[PDB]
Amino acid sequence: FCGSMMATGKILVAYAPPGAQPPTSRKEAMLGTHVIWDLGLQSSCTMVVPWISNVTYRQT
Amino acid sequence: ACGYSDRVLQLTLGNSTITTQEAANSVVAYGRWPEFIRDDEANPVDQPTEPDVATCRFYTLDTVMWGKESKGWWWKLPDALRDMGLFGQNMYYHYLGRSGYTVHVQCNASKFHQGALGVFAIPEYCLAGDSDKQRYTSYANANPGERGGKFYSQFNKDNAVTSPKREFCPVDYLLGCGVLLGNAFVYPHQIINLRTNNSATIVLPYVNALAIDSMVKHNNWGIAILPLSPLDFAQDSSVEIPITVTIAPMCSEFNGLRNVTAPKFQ
Amino acid sequence: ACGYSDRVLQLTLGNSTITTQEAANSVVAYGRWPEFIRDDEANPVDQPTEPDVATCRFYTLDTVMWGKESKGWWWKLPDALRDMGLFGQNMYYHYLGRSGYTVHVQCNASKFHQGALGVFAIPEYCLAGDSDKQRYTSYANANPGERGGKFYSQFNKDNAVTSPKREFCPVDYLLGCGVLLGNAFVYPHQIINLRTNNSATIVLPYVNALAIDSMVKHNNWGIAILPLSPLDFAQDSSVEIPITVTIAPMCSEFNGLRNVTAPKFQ
Amino acid sequence: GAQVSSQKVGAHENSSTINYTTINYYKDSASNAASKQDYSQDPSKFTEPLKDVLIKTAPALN
Amino acid sequence: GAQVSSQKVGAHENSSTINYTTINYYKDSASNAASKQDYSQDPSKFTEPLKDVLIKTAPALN
Amino acid sequence: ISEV
Amino acid sequence: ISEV
Amino acid sequence: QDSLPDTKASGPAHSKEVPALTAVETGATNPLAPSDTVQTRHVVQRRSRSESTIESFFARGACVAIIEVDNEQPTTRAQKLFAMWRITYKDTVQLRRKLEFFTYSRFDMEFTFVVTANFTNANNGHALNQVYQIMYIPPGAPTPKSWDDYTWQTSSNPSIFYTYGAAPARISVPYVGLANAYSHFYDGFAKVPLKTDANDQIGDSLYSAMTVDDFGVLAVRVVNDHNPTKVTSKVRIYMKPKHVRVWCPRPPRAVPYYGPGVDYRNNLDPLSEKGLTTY
Ligand SMILES: Cc1cc(CCCCCCCOc2ccc(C3=NCCO3)cc2)on1
Ligand SMILES: *C(=O)CCCCCCCCCCCCC
Ligand SMILES: *C(=O)CCCCCCCCCCCCC
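Residues numbered from 1 in each chain as written, not as in the entry; some residues may be left out. Chains lettered and ligands numbered in written order. Part of a larger assembly, values for the part shown. Heavy atoms only, no water.

Per the PDB record, the structure was determined using X-ray crystallography to 2.9 Å resolution.

The name the PDB entry assigns to chain H is POLIOVIRUS TYPE 3 (SUBUNIT VP1), from the organism Poliovirus type 3.

Under the PDB entry, the name given to chain A is POLIOVIRUS TYPE 3 (SUBUNIT VP3), and the source organism is Poliovirus type 3.

Undergrad: So what exactly am I meant to see when it comes to the sheet that holds strand β1 (residues 3-6) of chain E here?
TA: Backbone-to-backbone hydrogen bonds pair the strands of a sheet. The strands run either parallel or antiparallel. Judged by pairing direction, the sheet is mixed, and its three strands sit side by side in the order β2(E)-β1(E)-β1(G) without closing on themselves. Each edge of the open sheet carries a strand with a single partner, namely β2 (19-22) of chain E together with β1 (2-3) of chain G. Across two bridges, β1 of chain E lies against β1 of chain G in parallel orientation. Pairing of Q3 of chain E across the sheet is with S2 of chain G, part of β1 of chain G. (Pairing = 2+ DSSP bridges. Helix = DSSP H or I, 4+ residues; strand = E, 2+ residues; numbered from the N terminus.)

Undergrad: Is there a simple way to think about the side chain of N259 of chain C in this case?
TA: Checked against the element boundaries, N259 of chain C lands in the segment after β13 (240-257). Take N259 of chain C: its relative accessible area is 4%, and that puts it in the buried class. A distance of 2.8 Å separates the side chain of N259 of chain C from the backbone oxygen of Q21 of chain A, its partner in a polar contact. (Buried < 20%, exposed > 50% of the residue type's maximum accessible area, 1.4 Å probe, protein only. Polar contact = N/O pair within 3.5 Å; in protein donor to acceptor, adjacent residues only side chain to side chain.)

Undergrad: When you look at helix α1 (residues 85-93) of chain C in this model, what are you seeing that I'm missing?
TA: Within α1 of chain C, eight of the nine residues are buried, which leaves the element mostly enclosed by the surrounding structure. Of all the positions in α1 of chain C, only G85, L86, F87, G88, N90, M91, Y92 and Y93 of chain C are classed as buried. Turning to α1 of chain C, the residues buried within the fold contact α1 (85-93), β7 (94-106) and β13 (240-257) of chain B together with β4 (59-60), β7 (94-106) and β13 of chain C. (Contact = heavy atoms within 4.5 Å.)

Undergrad: It is not clear to me how the site of ligand 1 should be interpreted in this structure. Could you clarify?
TA: Residues and elements named next belong to chain H. Around ligand 1, 16 residues are found, and the nearest of them are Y89, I134, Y136, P158 and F215. Listed by contribution, the elements that provide at least two residues to the shell around ligand 1 are β3 (102-119), β4 (131-137), β5 (159-163) and β6 (169-173). At three residues, the largest contribution of residues to the shell around ligand 1 is made by β3. For the shell around ligand 1, the per-class residue count stands at 15 nonpolar, one polar and no charged. (Near = heavy atom within 4 Å. Nonpolar A, V, L, I, M, F, W, Y, C, P; charged D, E, K, R; others polar.)

Undergrad: Explain the site of ligand 2 to me, please; I cannot follow it from the model alone.
TA: Taken together, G1, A2 and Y25 of chain D together with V4, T21, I23 and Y25 of chain E make up all the residues around ligand 2. Ligand 2 is flanked by residues contributed from chains D and E. The separation between an oxygen atom of ligand 2 and a polar main-chain atom of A2 of chain D is 3.1 Å. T21 of chain E places a polar side-chain atom, nitrogen or oxygen, 2.7 Å from an oxygen atom of ligand 2. Coverage of ligand 2 by the protein chains reaches 67% of its 460 Å² of free accessible surface. For the shell around ligand 2, the residue count by class is five nonpolar, two polar and no charged. (Areas by Shrake-Rupley, 256 points an atom, 1.4 Å probe, with all protein chains shown as cover.)

Undergrad: Help me understand a negative patch on the surface, please; the structure alone is not making it clear to me.
TA: Together, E50 and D52 of chain B together with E50 and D52 of chain C give the surface a local cluster of negative charge. When you line up the elements, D52 of chain C lands in the loop between β3 (27-28) and β4. (Patch = residues over 30% accessible without salt bridge, like charges linked within 9 Å, V, L, I, M, F, W, Y side chains within 5 Å. Salt bridge = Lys/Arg side-chain N within 4 Å of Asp/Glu carboxyl O. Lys, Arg positive; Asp, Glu negative; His and termini not counted. Charge placed at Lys NZ, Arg CZ, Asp CG, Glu CD.)

Undergrad: Sorry if this is basic, but what is going on with the packing of aromatic side chains here?
TA: Given two aromatic rings, their pairing is described by the distance between the two centres and the angle made by the two planes. Scanning all chains against the criterion turns up 25 aromatic pairs over all chains. With centroids separated by 6.3 Å and ring planes inclined at 25°, the aromatic side chains of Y30 of chain C and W221 of chain C adopt a geometry described as stacked. Placement of the pair is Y30 of chain C in the loop between β3 and β4 and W221 of chain C in strand β12 (residues 221-233), with a sequence separation of 191 residues. As far as burial versus exposure is concerned, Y30 of chain C and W221 of chain C are alike and both buried. For the pair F155 of chain C and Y264 of chain H, a centre-to-centre distance of 5.5 Å together with 85° between the ring planes defines the contact as edge-to-face. Of this pair, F155 of chain C sits in the loop between β9 (149-150) and β10 (189-193) while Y264 of chain H sits in the segment after β9 (231-249), on two different chains. A connected cluster of aromatic rings, assembled from ring pairs, spans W74, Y139, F168 and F265 of chain C together with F189 and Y207 of chain H. A cation over an aromatic ring shows up here: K98 of chain H above the ring of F57 of chain H, its NZ or CZ 4.6 Å from the ring centre. (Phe/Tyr/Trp six-rings, centres within 6.5 Å; stacked < 30°, edge-to-face > 60°. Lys NZ or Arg CZ within 6 Å of the ring centre and 35° of its normal.)

Shown next as structure tokens:
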């Protein structure tokens, strides 16, 4: 977050594993892997996308 | 040691993580963490279903807006979650279900904003109604789902005896139930005073007169959020900030599997 | 000792029990009982969901009728079960799913009836199509669900190049796939010869080139039922008896939870 | 690193156990020739996939 | 002077540890093939070049 | 060597 | 020889 | 020792044990030996199944492809100055049918290349010996548009430079599948149509096809600049599975193959006419 220190906010960031409709709403995105980021002194948030796949190796 | 704090928390359940840099510690209702039904308190004999990570995870409800005229909002559990992913499905395919909950209420503003929210976890939150008619609030109206309900500053009696609305009429200073709001603090609670904290976190045990019951017929817990002190900012008479409620079922187990319950919500 | 027999069996899974007084022993495909994914064969890192008794139980499909002109019926798994209670829901809310199955085929008649059913469990049962067009069978047509599909005595090529049906054309003596039916016995199987037995029981392991995969995209097992010897009774030229398929998922686990997959079956 | 094994001798000259020698030259096992010393197994998982496998002298159905 | 090492066997034939043999023929090490047995290291000099490296569960800034 |  |  | 079981000396029987009777409805095959139904002598058996082992059954280099490539003057219409082949065992029928006795497989693969050439036209002078380049292009890598563009620099792709007249080129490849075993059969799709999709083209896939490019391609060219006279060449590719393992047996293909999938079109009459009581 490169905003001013006087700025606050809560953000949801998400990962949906394949196979369903790509999320158009937070309501749908909430249901998959997600991190609710609260802005503050620790400037940055990390969402880990876990290895969830059928095949042992995906194509580039 | 190192740098840890009451204000900074991470909650992780299933595939979902919540962070907060401005918390006011966190509450465990009645000092009891959620747990599963013990063999010596068990009553349905059939092997339970415990879906675990698929149902015990953070479902975020539709955001509500807090403004200068906002009198208060309420939700009932499990009702708020009846349509939330596989929790909802498990709840409706079974006659019986029990679950605890982590409730996380979210409301950030700024160092120059003002206001205080009373967040209350009430066991058996029976609410008052519309009418001259006693105990008459209809199932559909008693259960708003995710949408929740609201409070009012005063009692407007539903007069139309011919076609009655069969709704609750929750008056704020009476906690919507005939008592005074000032005393609602005997219930598990937290306060979001904007100069102090972004959020409230309450962990609810399963509370009932039974080890397990029908989730469709009966709500165990009520969540009541009232503005203990009204929202204000600089001098702008029409300020508005969001309140987001995120809830997670905990130690969820279900008994009595059969065909799906389809309630009529119209 | 006491009085036990190969012919009399009880199967119990979840809240469901099957009895049979006329079985022909029972088959475990490839000598492998169904099992869960081991830590050293595991590939998705996220904690799986194992619904257990709520999904691993006996779902009975719509009954089909066997008559003198019946050429054969087929089903694909998990497709036949995509709409079966909480199994279906788990399958559609997750990217990944694996499951084994107990298949129980039911067909009773009388000491004076005649006929024999070949019940076959085929790994990766790829079927042949309609057209001059290769590999062209559409998803909706490849997946009939509970309803299953049928075989034909001969190859009727779908001629309408302008609006193609994009369907399979499964010819019976070719096992619907370019090989001879007589050789389908190298697959896990049982025979319901009416003078001998009421039913067939095959236990299927999860078979795949992967520890887990997408249940929505890919079927692991195909169930093929063909009349190896035609139905006959007394001298009545129009005899008809029911065939009922009851299937149970076994050791079901799911990975990759997110919003529900809604396939277009039209 | 040489590998030494006995050959299964078919037609014998008028001359006992005869051997041959093998040395892998490459790091990748993919590069390797076939050992062709292949063990066998039971057909049972295909010929007898029964839960209660029965003895051939007794009734199949009982 | 022969050098003997184990191969990391990928696909196994239906037949355990398999080896290969290497012999340098030339005096100049430049003439040599690649051993390809290469050790790995920490990304830390690139991912964490901090004077006070901190534990991931604690605040980055304090 | 390895003699089998 | 050298066996590693 | 890999010999089959000795036949046991078996005598007359008058008993309640009945091995000749059974019930194939069970799914099982009757485990009978000649000694169970006839009087037998003792035979010390020396025969062996050595040649029918999975390895021995596939231990043979099969022709899977014929790539034609020319070396002539670069003109401006479609020409074969370089060629590309999608790696597959399916342009040919013989090895395909052997591999298809099984559902899944795992093996290393040996590629041998036999290269032949000839003069096309009666005579415009002759040609000096040609060097051929066989470049592997894995899915994702840039494919050549021209017989001598930058892709042929092959800095990361594996390439063979074959000199004409030398012994046939040979390389080995690991088990390179994305799964734990190769799928000779895939009952399913690479895409699912969703109710929320815009066109219904978006979710359409080929039945039984998996990845679009499967194993990539082989790009073949003659490295030499063209002679006055034209030389045509063909690269024949021989494929051998080695260090083989297989799973789940299948009935052999009984009717002619109709493309990459299990589809049949015609000659669905494999069996001859023979009278029931005719030897
Ligand atoms: C389907 C299916 C397919 C198979 C066989 C898979 C073999 C995959 C091999 C992929 C790589 O192939 C190569 C071929 C040639 C070369 C080559 N490099 C230098 C010139 O030749 C490299 C890779 O089994 N099932
Ligand atoms: C084990 O192999 C030690 C004995 C080696 C005997 C001499 C081998 C000569 C061939 C060496 C081949 C090297 C190939 C890279
Ligand atoms: C150590 O190398 C002693 C064993 C040598 C075995 C025989 C090697 C045959 C190859 C010798 C190559 C000489 C090359 C200049």
